[PDB]
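Participant: Protein chains in written order, with this note's numbering: chain A, 8 to 565; chain B, 4 to 88; chain C, 57 to 137; chain D, 51 to 133; chain E, 707 to 944; chain F, 35 to 159; chain G, -13 to 131; chain H, 349 to 426.
Don't be surprised by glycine CBs; every beta carbon is placed ideally from N, CA and C.
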Amino acid sequence: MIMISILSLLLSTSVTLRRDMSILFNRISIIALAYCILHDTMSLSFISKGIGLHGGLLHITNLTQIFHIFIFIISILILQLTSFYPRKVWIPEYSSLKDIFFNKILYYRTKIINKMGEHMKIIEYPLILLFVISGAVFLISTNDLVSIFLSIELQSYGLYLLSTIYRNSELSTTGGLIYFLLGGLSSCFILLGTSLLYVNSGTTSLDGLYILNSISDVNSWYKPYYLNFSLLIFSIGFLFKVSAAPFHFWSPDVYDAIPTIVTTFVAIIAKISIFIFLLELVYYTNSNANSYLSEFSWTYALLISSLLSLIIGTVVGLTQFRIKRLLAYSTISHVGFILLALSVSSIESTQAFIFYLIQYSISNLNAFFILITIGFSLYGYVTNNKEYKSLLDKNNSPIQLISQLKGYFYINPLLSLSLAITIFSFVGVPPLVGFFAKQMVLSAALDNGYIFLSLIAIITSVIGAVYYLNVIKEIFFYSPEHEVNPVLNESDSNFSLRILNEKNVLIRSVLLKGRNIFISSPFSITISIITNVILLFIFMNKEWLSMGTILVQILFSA
Amino acid sequence: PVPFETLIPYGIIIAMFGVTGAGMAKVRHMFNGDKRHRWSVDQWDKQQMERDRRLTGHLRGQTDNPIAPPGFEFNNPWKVXXXXX
Amino acid sequence: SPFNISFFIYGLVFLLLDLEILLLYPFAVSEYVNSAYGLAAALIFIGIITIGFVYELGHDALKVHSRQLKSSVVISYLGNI
Amino acid sequence: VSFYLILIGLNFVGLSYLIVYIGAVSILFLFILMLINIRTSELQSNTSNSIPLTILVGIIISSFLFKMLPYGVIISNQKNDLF
Amino acid sequence: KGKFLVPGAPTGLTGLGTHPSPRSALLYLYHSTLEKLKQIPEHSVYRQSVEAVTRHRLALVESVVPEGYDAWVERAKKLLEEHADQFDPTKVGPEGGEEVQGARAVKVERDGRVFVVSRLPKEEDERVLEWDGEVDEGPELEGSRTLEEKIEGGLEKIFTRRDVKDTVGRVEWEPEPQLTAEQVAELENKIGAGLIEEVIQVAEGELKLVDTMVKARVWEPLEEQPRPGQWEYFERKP
Amino acid sequence: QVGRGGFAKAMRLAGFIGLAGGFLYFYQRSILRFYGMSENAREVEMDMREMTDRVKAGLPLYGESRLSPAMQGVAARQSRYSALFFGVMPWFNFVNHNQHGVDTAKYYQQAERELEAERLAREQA
Amino acid sequence: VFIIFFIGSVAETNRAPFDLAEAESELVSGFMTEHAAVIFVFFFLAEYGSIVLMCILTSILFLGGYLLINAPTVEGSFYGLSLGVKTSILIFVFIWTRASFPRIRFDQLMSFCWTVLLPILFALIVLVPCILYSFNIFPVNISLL
Amino acid sequence: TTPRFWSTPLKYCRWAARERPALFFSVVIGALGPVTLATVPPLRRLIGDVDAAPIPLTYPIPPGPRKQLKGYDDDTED
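Next up, the structure:
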């Protein structure tokens, strides 16, 4: 279905040059991904460690199909950013169901809703978006060394294209160059690792590699050192793509330079596909008998990177003043927790891994959604701050500095509380979902004898909390630097709105002002659902946690 | 009328192709032992020619004999190389 | 002076289309064993790459339309006031 | 590399390299490079400063990957010889 | 079929297309000329000459009437009075407004006679028009902006621009009936100065000429006498 | 806020997307019963009937193919359980091969068993 | 295909009407026109050498190669002569088109390739194997002939 | 002036044949691939044009147990 949509969208896109079609194409991509969820919901009625498909080059598991749906749902939520205008006009005289569904309203919308904004004029943006999704879901379902390489390039090349698709921004083309150049080096290490597996084992099949690993784990002439060493080189390339330390330098630069709406997709979708792919490869290569194999296990690169990410993510975030660089470093610290759970290969840690990945993706999505919504809300506000005037790409990244959030609690108190809840979920304060995620990882690491890493995880968490608190302090402890726009409410600056019936006949005529210009419903509702999932998780945890419990039992089923 | 002088270079070009064709056919035929050469030679064909040489000495040699001469069971060439395997 | 983007497009579309033709050459020397089943996949492969060429043509990245008396004013007489 | 692959009997892939990499990828690289403004002075790094790291990288990387090469690639490189 | 010439259709002279409303354009130009000549004295032959040619050609343009003109004029006159705010240049500007996706129309006064100038969106292929031809002024200024750059971004246009579908208080301007192709040929046969389109071109130039003549005051005494021998060639004494 | 004909163009693509998506959903619901991943008592019965009739008529259980036996294995190993991947990539089995994942003894026992029932009935006439 | 291939071979050789490389009357054209002495000999020999080879390959692919319409010497001579006659005819046509047509502009010749010849060829790439399969005429790929 | 396909499909087809012949007939030739894939092989069956069996590309090992031949044994030599 994703492939039919890509081909069908491309054909419809090929024969048009109208940039006013961009919003419509984004909405059709939402509809198309909804069918993809339907076809994969249909496919979960079986219990198996895996079914190889299509000549054995692909495979399907219950885990694979669950995370296809999650990738689809995250992509639908993100696609809203380019499918609905950021602002709307609301009035009590056009709020009934008979109104929204039988009557129409008319006003000069173009300036109010930013009809011609850059993020509403890119025809091919939803199409490159679906290309990345195809690479991500193919990587999850990959069963072969060549399939691994093709899927990772497919996802990677699309992300480079998305970082540059805003071709008139000097920042975006610069960020696209950086990701491609360092990303291309990372892809050599993946190809080198895959090639070294093939030249030694004689197979591109992951099944066969697992069989070779399993027999060689006994307790002479062809001792299989290649498998751990190759997967070590192979894993390093995947650590770059999740921005794990010490391979993380690119992301604070790339995430800040590319537009925020692009950053939302680019910084979320890629970690889910790589981590899920790594999870299975960690399980089937994990030696049981303490032999010479286990001492050279490639998974120490994951444990070292988790350690290095816990320190770099929290320490370096202390001095960041630009909000997008802070989120990049906040992400690095969270992949430190994710990588600890992947490294401990226990039933408990795999449940913790599965839960942590989903809740962090939801939470990081909220932070970006709140940050974009605050940017779209400042339209009716002005400021005289000299720092804000000297910012580059203000239209692509309206909020660039933490100081821009100063006194946002006095501009929109409830939206500021949603930001605070999300950030407090990042620190791990109970009873927020973020706490329960960190709690499961720590309990699983503690139960497996990972005491030293568990202690560094708690210590770095206090350091990380400092810059989290620093964002909250700017929003709540100070009065804002933004003033409401005088000419929007000046007792005579009122624009007109017509309310018309099914037959385009006038019903009423109302004069409106800037205080009638609100945030669009898609963004407020998405923030409201996710914020309440974060806050109220303790009453809704049974099904969500039981899903991962069952998934791990299938994976571990002796 | 017909401008023959304009057509002379074409006659030279046509004759050069004939010289190459006749010459290549003759030297290849002398190389093959006064018989027409082989073409589209696949692995089966090459192997049959090596088997022909270990019966007659010549890669194009033919014999209708039902009984191999003594030493045929000993002259199957195993080819040796130093690097490319 | 700035250079023309059409030169990059000619090389880009040549290279990408050169790769796809290369990928079809094995089929032409394997048609007998491939038979109907291999032909389906070749046709699927050709159909996908044909759509990217439609994108090339539809958007005219080679500037097909590079080189190219309705009057906005109509006047009406109404007479003397 | 293409000539090497042809001589060991990998004729299709060797000719594919000539057609694809030299014939089209390299032609695209030279077109862009020969259209852009380049000052060679702006591109010269002091390579002597990178020489100690160059030696260390070469010994470290070679000593690890060479151990990973299967016999097929290392049997005939660097009296009793094997035929 | 060929009853009415097609506006923009080539005439035969390159770059000279068929005129949209040629009869009213001539009336507009001729009347604009007579009014502009009222600032020249009565003893200027230049003024006396332009008057004679224009009032004579004006009489001939009036001699050809589009079919149904009387029916159109009554409603069109009736339409101006009830919706004067829609066509007065002092409010919507000389171009009729900033909305190009919509139809514009302005009443104007020349030589004691009133004219309505109309502008229409250009007929363009729907496959290529974006937002029905609305002018792209870039995107709005998002982020942290000063008040000054907001006003420089036309924020006040929010309170004065009108959606193209929004036609509650305004009316549709109806065009004058056109002269037929037969009527155009017989009229320009009366003028005897080429195609109607060329005659309009000559009227536009003649209208432009008055301003130069007034600014130069060409009717007053000779500016500079020829000094002796200025125009003496090699002519033999008779 | 799209232009004059933009919405009709978008609906045309949406209608085709829904038709492709709707058809794949229809195929999955029927094929999931063949897979045994959905309640299939009615489908089990008619398959037992349909295949038994072929046994006694002499025809092959799954039919005759223009494909080589090796290429039938390739088709079988490509589309086998392939409808579980329909949210990513579609595939359909149009080949007549003999690799259906099921021991085919059950179809021959019934055919033999009810071939004798018609034999005894024929004699008692 | 033969007509398209012959047209492509003329363009591939920078020959008229595709001859901007050596055109001196076009203001910006004439890259080959600045080549003196030995460099001119190199480029010119290479071009005539490619013209003859594109005519030989055209005869090979479409005109039956060395095929006609007991001694080894005469059989070889006839095969060489038949290939030569076919090659010479295409060389004559090659000269014939240079003398017959004016020169196409660079933007038009690129549009001819990418919007006329290639879309037809990719359409033929679909049709031809479908015809081969439909008539059971997919040839064998083993060493035969 | 150019016709629109979705409102008047046949008028557009005539215009494309006359005004974009290279593009129009590429689509026509491209669509003939599938058309002959559906028409001719059924046609060929009806007329009796049968498909040739595949040629052997490997040794055709006989199915079944070995035949237990008795002939040309070692005593038959010389």
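Please check the pair residue 451(A) and residue 359(A), which I expect to be a contact at CB under 8 Å, by giving their CB distance rounded to whole angstroms.
Facilitator: So it is a contact: roughly 5 Å between Cβ atoms.
Participant: Please classify residue 81(B) as buried or exposed, where buried requires at least 16 other C-beta atoms within 10 Å of its C-beta.
Facilitator: exposed
Participant: Beta carbons nearer than 8 Å to chain B: which residues of the region 96 to 124 of chain G have them?
Facilitator: Listed by position along the chain: nothing, the set is empty.
Participant: With 7 Å set as the bound, which would you pick, yes or no: does the beta-carbon of residue 23(B) sit closer than that to a beta-carbon of chain G?
Facilitator: At least one beta carbon of chain G lies nearer than 7 Å to the beta carbon of residue 23(B).
Participant: If you draw a straight line from the C-alpha of residue 63(G) to the C-alpha of residue 128(G), how long is it?
Facilitator: 29 Å
Participant: 7 Å is my cut-off, CB to CB: does residue 778(E) come that close to chain F?
Facilitator: no
Participant: To the nearest angstrom, report how far apart residue 714(E) and residue 126(C) are at their CA atoms.
Facilitator: 4 Å
Participant: Between residue 39(F) and residue 837(E), is the Cβ-Cβ spacing less than 7 Å?
Facilitator: no
Participant: Report the three-state DSSP secondary structure of residue 98(B) (helix, strand or coil).
Facilitator: Any property of residue 98(B) remains undetermined from this structure, which presents chain B solely from 4 to 88.
Participant: Using a Cβ-Cβ cut-off of 7 Å, state whether residue 93(C) counts as contacting chain F.
Facilitator: yes
Participant: May I ask you to report which of helix, strand or coil DSSP gives residue 59(A)?
Facilitator: strand
Participant: Quick one, which residues of the region 908 to 940 of chain E are near chain F if we go by CB-CB under 7 Å, in chain order?
Facilitator: From the region 908 to 940 of chain E, no residue has a Cβ closer than 7 Å to chain F.
Participant: Does residue 367(A) pass the burial test, meaning 16 or more other C-beta atoms within 10 Å, or should it be called exposed?
Facilitator: buried
Participant: Can you tell me whether residue 297(A) is buried or exposed, with buried defined as 16 or more other CB within 10 angstroms of its CB?
Facilitator: exposed
Participant: Mind listing, in chain order, the continuous alpha helix (DSSP H) runs of no fewer than 4 residues lying wholly within the region 349 to 410 of chain H?
Facilitator: Look at the region 349 to 410 of chain H and you find these whole runs of alpha helix (DSSP H), each 4 residues long or longer: 357 to 367, 369 to 395.
Participant: Ignoring anything shorter than 3 residues or poking outside the region 76 to 132 of chain A, list the beta strand (DSSP E) runs there in chain order.
Facilitator: 94 to 96, 111 to 113
Participant: Interface residues of chain F around residue 837(E) at Cβ under 8 Å?
Facilitator: 35, 36, 37
Participant: Tell me where the beta strand (DSSP E) around residue 87(G) begins and ends.
Facilitator: No beta strand (DSSP E) contains residue 87(G), which DSSP labels as neither H nor E.
Participant: What would DSSP say about residue 12(G), mapped onto helix, strand or coil?
Facilitator: coil
Participant: At the level of alpha carbons, what is the spacing between residue 44(F) and residue 111(C)?
Facilitator: 17 Å
Participant: Please classify residue 97(F): does DSSP put it in a helix, a strand, or coil?
Facilitator: coil
Participant: Do you know how far the Cα of residue 49(F) is from the Cα of residue 138(A)?
Facilitator: In a straight line, the C-alpha of residue 138(A) is about 21 Å away from that of residue 49(F).
Participant: Please report the straight-line C-alpha distance between residue 71(D) and residue 79(D), rounded to a whole angstrom.
Facilitator: 10 Å
Participant: DSSP state of residue 224(A), grouped into three classes?
Facilitator: In the three-state scheme derived from DSSP, where H, G and I count as helix and E and B as strand, residue 224(A) is classed as coil.
Participant: Any C-beta of chain E within less than 9 Å: which residues of the region 94 to 126 of chain C qualify?
Facilitator: 125, 126
Participant: State the CB to CB distance for the pair residue 906(E) and residue 728(E), rounded to an integer number of angstroms; the pair is presumed to be in contact (CB under 8 Å).
Facilitator: 6 Å
Participant: Using the beta-carbon of each residue, which ones in chain D are nearer than 9 Å to residue 206(A)?
Facilitator: 118, 119, 120, 122, 123
Participant: Please name the residue in 36(B), 62(B), 37(B) whose C-alpha comes closest to that of residue 48(B).
Facilitator: 62(B)
Participant: Quick one: which chain F residues come within Cβ less than 8 Å of residue 399(H)?
Facilitator: 100
Participant: Let me confirm a value: residue 411(H) is counted as buried when at least 16 other C-beta atoms fall within 10 Å, else exposed. Which label applies?
Facilitator: exposed
Participant: Rounded to a whole number of angstroms, what is the C-alpha to C-alpha distance between residue 152(A) and residue 211(A)?
Facilitator: 5 Å
Participant: Which residues, taken in chain order from the region 822 to 835 of chain E, show a beta carbon closer than 8 Å to some beta carbon of chain A?
Facilitator: 833, 834, 835
Participant: Spell out whether any CB of chain E is found under 7 Å from the CB atom of residue 134(C).
Facilitator: yes
Participant: Can you find a CB in chain G that lies within less than 7 Å of the CB of residue 76(C)?
Facilitator: no
Participant: Residue 53(F) CB to nearest chain I CB: under 7 Å?
Facilitator: Any reference to chain I falls outside this structure, whose protein chains are A, B, C, D, E, F, G and H.
Participant: Under three-state DSSP, which class holds residue 720(E)?
Facilitator: coil
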